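Asks:
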Amino acid sequence: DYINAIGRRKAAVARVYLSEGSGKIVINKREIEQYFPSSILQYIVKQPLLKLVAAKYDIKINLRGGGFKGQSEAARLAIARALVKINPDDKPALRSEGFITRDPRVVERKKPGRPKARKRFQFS
Amino acid sequence: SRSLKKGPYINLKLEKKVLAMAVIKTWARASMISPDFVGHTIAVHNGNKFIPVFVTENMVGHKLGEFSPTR
Amino acid sequence: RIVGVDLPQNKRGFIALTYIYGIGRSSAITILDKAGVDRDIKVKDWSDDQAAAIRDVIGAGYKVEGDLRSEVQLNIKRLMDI
Amino acid sequence: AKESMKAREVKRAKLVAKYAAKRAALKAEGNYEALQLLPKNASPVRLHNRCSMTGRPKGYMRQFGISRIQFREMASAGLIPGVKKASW
Amino acid sequence: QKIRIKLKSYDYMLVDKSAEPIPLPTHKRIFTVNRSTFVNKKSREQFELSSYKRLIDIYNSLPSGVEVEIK
Amino acid sequence: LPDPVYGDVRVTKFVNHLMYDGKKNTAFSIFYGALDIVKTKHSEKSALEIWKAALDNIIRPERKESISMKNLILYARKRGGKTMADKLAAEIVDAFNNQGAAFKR
RNA sequence: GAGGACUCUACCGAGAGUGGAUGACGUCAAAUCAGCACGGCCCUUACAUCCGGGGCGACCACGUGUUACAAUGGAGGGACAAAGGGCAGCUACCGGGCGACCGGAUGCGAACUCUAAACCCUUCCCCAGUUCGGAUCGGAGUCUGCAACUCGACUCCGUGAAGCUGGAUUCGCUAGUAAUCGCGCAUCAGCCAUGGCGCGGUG
RNA sequence: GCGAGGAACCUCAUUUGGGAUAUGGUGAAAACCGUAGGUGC
Ligand SMILES: [K+]
């Protein structure tokens with residue numbers, strides 16, 4: 002029916018339903034070419050498909067939270083682990099390029115007595 | 002400025018004294040000068056003294072404390 | 004030119020109308036809308052009828068120069084006399 | 002601090018509660034030549050939020066009615082229910 | 003017809019033991050005050066006050094510190 | 012990190028050097044505009062090869099590359115002009131021609 | 001009806017960590033009688049007490065910041081998609097309005113109501129103290145409040161200042177970090193909030 | 001950019017002046033008239 006996976010990056014959660022088809026990636030009931038108008042953002046989301055697989059899958063994506071770079075990176079991670087479920091022989095091809103590893107870095111909390119996290123007031 | 006729905010802020014006791022009216032002493036520094044005040048000597052408090060003010064038509068529409076500096 | 008002031012010809016109208024003492028950007032836009040002139044073409048590309056309409060909108064309803072300076076100086080003098 | 006501070010605060014609260022009805026009746030209408038006949042103490046604009054026990058007029062907290070120093074003291078002592086200290 | 007019971011306290015173990038359940042998100046408040054009683058700023062500590070809420074439903078029909098709303 | 016149009020990490024590193032204020036797509040657009048201007052005005058090889066040759070014309095190899103990129107960007111800022119890309123294209127053409135205040139400085 | 005959220009549990013490299021709080025170990029006769037108690041001394045026809053009107057806001061040096069001095073930019077018109085935190089107060093919707101919010105009404109004491117901007121397109125400005133900058137000053141007002149002169153905030157219309165990237169020196173950090181962009185809260189009738197405390201985007 | 005994480009009145013401690021120690025009229029108000037405490041050392 003639909004191979005399912007999830008991706009997270011900063012405060013952005015992506016859900017992928019990969020089914021057999023011919024391209025036509027739809028995100029949030031909107032086309033991928035109209036939801037992400039930047040060619041860099043479309044290259045990140047559709048990166049692992051071109052690494053191995056494009057034009058042979060129909061993908062529906064639900065996005066929530068974060069910004070445009072957070073969501074595009076979160077969407078890339080979700081697709082990467084959805085492709086390894088379809089074939090267990092594609093794991094080394096995706097890990098070598100560094101696609102299945104989740105980056106856990108999130109915005110650090112602001113410590114008291116300082117205007118920012120690691121920035122201190124000017125002493126002089 | 003004071004909203005037009007409320008009208009001018011004129012002290013009722015000072016207005017009554019002026020209408021019934029010698030220099031008239033007062034502490035009403037925030038009272039707005041009305042056209043009925045014209046021709047009168049009002050001694051406004053300033054903190055330690057009573058500065059006299061002779062009301063003329065040009066001053067109409069200004070607070071009484073504008074013509075009595077404190078510092 | 005228009006009224007006692009020779010505007011920069013190369014500038015567009017909605018900014019070249021700000022060179023008069025009594026008109027800012029918002030007043031320039033309002034006057035252009037009231038007179039029906041576009042805010043894209045330059046001052047040099049004005050017909051005589053367009054310039055007459057702009058001049059008539061400026062006059063009889065706006066304080067621009069001379070009169071505005073006299074009024075401001077009178078207000079300053081009245082405040083000083085206060 | 003002091004005692005006259007608390008005494009006049011209580012007097013202001015009593016006068017405000019006494020005159021809370023006529024002031025609202027005059028304010029709902031357009032009357033203002035009579036709204037200035039009320040005593041200045043009767044208006045609720047002269048109601049500062051002092052600490053309930055010490056009486057400090059700064060650093061007030063609305064939830065507990067106490068200043069920040071008293072709040073820290075009682076939070077360390079366990080007197081305030083629920084409030085704990087963050088492990089981080 | 004149904005009856006919904008909403009429990010809320012400041013102790014997760016207390017509400018869990020009281021409720022003999039959908040766990041609602043908690044409401045955490047953070048208070049920041051100066052450690053010193055005088056001008057020494059930039060030295061603060063954080064006090065956390067948490068509120069835990071739970072919901073249960075009975076279709077077609091307690092320790093201190095828990096408030097329960099029945100609807 | 013891969014470049015979005017060329018796929019070379021050197022382009023991404025150069026855009027990182029160019030980056031101001033945390034805005035990276037602006038630096039990418041400036042670099043691509045300068046690479047287009049280097050072909051529109053003057054211009057043998059492609060724009061990417063010309064830029065690589067200019068970098069070579071302008093110690094660890096990574097440190098050498100970093101200092102070359104920093105020098106090129108600094109002198110691009112130093113030279114006059116209106117648009118930053120319109121400026122920087124002159125540095126690429128001038129480092130290809132091996133002249134100017136940028137070379138050997 | 002269980003892919004996420006939300007809130008309870010159990011293992012987490014012998015193979016192919018970070019941030020914060022704890023601070024037994026400390027010297028400064030270091031600070032705090034104005035948070036709070038308290039030894040001694042001094043005030044009681046006044047250093048006690050009530051109220052109006054003023055002051056803490058008046059005018060060279062130092063510290064801490066906010067805006068800029070511009071094209072990696074300003075303006076106009078369209079397209080974007082966040083985390084946390086407030087709601088007797090915020091407010092769905094209709095019109096008086098240029099606008100600050102007023103006047104009729106609607107949900108909501110809280111997984112109904114206030115939350116984006118930087119970015120992505122299109123056009124103008126083309127190196128000009130300017131379509132940069134927004135100080136100061138004149139007019140109109142909208143609120144709060146008994147009262148806005150000394151001495152509040154906000155909105156319109158004018159006015160348009162210094163300012164062309166900063167000498168000796170000096171300050172802050174080593175990654176979702178600096179630099180930037182917006183959002184929220186505490187106290188509070190209103191507010192001087194460009195401060196303090198947090199939250200997220202790109203990086 | 002601190003105690004202060006809200007100085008127009010109040011806060012307010014500081015200054016000048018007026019008081020005290022049901023209705024009317026007089027008053028800027030406090031107040032008037034007839035019918036233990038210290039935000040002192
Ligand atoms: K108050």
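In order, the protein sequences belong to chains J, p, i, g, K and m. Taken in order, the first sequence gives residues 2 to 53, 55 to 126; the numbers are from the entry's author numbering. Taken in order, the second sequence gives residues 2 to 22, 29 to 78; the numbers are from the entry's author numbering. The entry's author numbering applies: residue 4 is where the third sequence begins, and numbers increase by one. The entry's author numbering applies: residue 2 is where the fourth sequence begins, and numbers increase by one. Taken in order, the fifth sequence gives residues 3 to 22, 38 to 78, 91 to 100; the numbers are from the entry's author numbering. Taken in order, the sixth sequence gives residues 12 to 54, 57 to 71, 93 to 139; the numbers are from the entry's author numbering. A virtual CB, placed ideally from N, CA and C, is assigned to each residue, including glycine.
1. So is the beta-carbon of p:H47 under 8 Å away from any non-hydrogen atom of ligand 1?
2. Distance, Cα to Cα, p:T77 vs p:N53?
3. Would you identify the three-state DSSP class for m:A67, choosing helix, strand or coil?
4. Spatial neighbours of p:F44 within its chain, please: C-beta separation below 7 Å, excluding the five flanking residues on both sides.
5. For J:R66, which residues does DSSP report across the bridge?
6. Any idea if g:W89 is buried or exposed, counting beta-carbon neighbours within 10 angstroms, 16 or more meaning buried?
7. Could you tell me the distance, in whole angstroms, from the CA atom of J:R97 to the CA atom of J:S20?
8. For K:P38 versus K:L72, is the C-beta distance shorter than 9 Å?
9. Please classify m:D14 as buried or exposed, where buried requires at least 16 neighbouring CB atoms within 10 angstroms.
10. Does the beta carbon of J:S40 sit closer than 9 Å to a beta carbon anywhere in chain m?
11. Relative to the C-alpha of m:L108, which candidate in m:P95, m:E96, m:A60, m:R139 has its C-alpha closest?
12. Less than 8 Å between the CB atoms is what I'm expecting for p:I58 and p:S75, so what's the real figure, rounded?
13. Can you name, in chain order, every residue of its own chain whose Cβ lies under 7 Å from the Cβ of i:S29, other than the five neighbours on each side?
14. Determine which residues share a DSSP beta bridge with J:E32 and list them.
15. Any heavy atom of ligand 1 closer than 8 Å to the Cβ of g:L16?
16. Can you check whether the C-beta of g:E34 is within less than 9 Å of a C-beta belonging to chain p?
17. Do you know offhand how far p:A35's Cα is from p:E16's?
18. For K:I75, count neighbouring C-beta atoms within 10 Å of its own C-beta (all shown protein chains included) and say buried if the count is 16 or more, exposed if not.
19. 9 Å is my cut-off, CB to CB: does K:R71 come that close to chain J?
20. Once you ignore the five residues that flank i:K66 on each side, which residues in its own chain have a CB closer than 8 Å to its CB?
21. Against chain J, with Cβ distances strictly below 9 Å, would m:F39 count as a contact?
22. Distance, Cα to Cα, g:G66 vs g:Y33?
23. Pick from K:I99, K:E98, K:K100, K:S68: whose alpha carbon is nearest that of K:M15?
24. Rounded C-beta distance between m:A38 and m:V20? I'm assuming under 8 Å.
25. Name, in chain order, the residues that DSSP records as bridge partners for p:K7.
26. Let's test the definition: count the other Cβ atoms within 10 Å of the Cβ of m:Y31 and tell me whether it reaches 16, buried, or not, exposed.
27. Strictly by DSSP, which residues pair up with i:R15?
28. Hey, out of m:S40, m:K104, m:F42, m:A67, whose CA is closest to m:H28's CA?
29. Do i:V60 and i:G16 have their beta-carbon atoms positioned less than 9 Å apart in this structure?
30. What residues of chain m sit near J:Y59, judged by a beta carbon separation below 7 Å?
31. Suppose the cutoff is 7 Å on Cβ atoms and the five residues either side in sequence are ignored; what does the same chain contact list for m:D128 look like?
32. Any beta carbon from chain m within less than 9 Å of J:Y44's own beta carbon?
33. Ignore the nearest five residues each way along the sequence and tell me which others in J:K52's own chain have a CB closer than 7 Å to its CB.
34. Run through chain K and tell me which residues come within less than 7 Å of g:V84, C-beta to C-beta.
35. May I ask you to check if the CB of g:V46 is nearer than 8 Å to at least one heavy atom of ligand 1?
36. Rounded to a whole number of angstroms, what is the C-alpha to C-alpha distance between J:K121 and m:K34?
Replies: Considering the structure as presented:
1. no
2. 5 Å
3. helix
4. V19, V62
5. J:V14
6. exposed
7. 22 Å
8. yes
9. buried
10. yes
11. m:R139
12. 4 Å
13. none
14. J:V27
15. no
16. yes
17. 11 Å
18. exposed
19. no
20. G25, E74
21. yes
22. 34 Å
23. K:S68
24. Going by Cβ atoms, the distance from m:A38 to m:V20 rounds to 15 Å, so no, they are not a contact pair.
25. BP columns for p:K7 are empty, so no partner.
26. exposed
27. i:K45
28. m:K104
29. no
30. Here the premise fails: no neighbours, minimum Cβ distance about 22 Å.
31. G134, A136
32. yes
33. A95, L96, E99
34. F64, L66
35. yes
36. 20 Å
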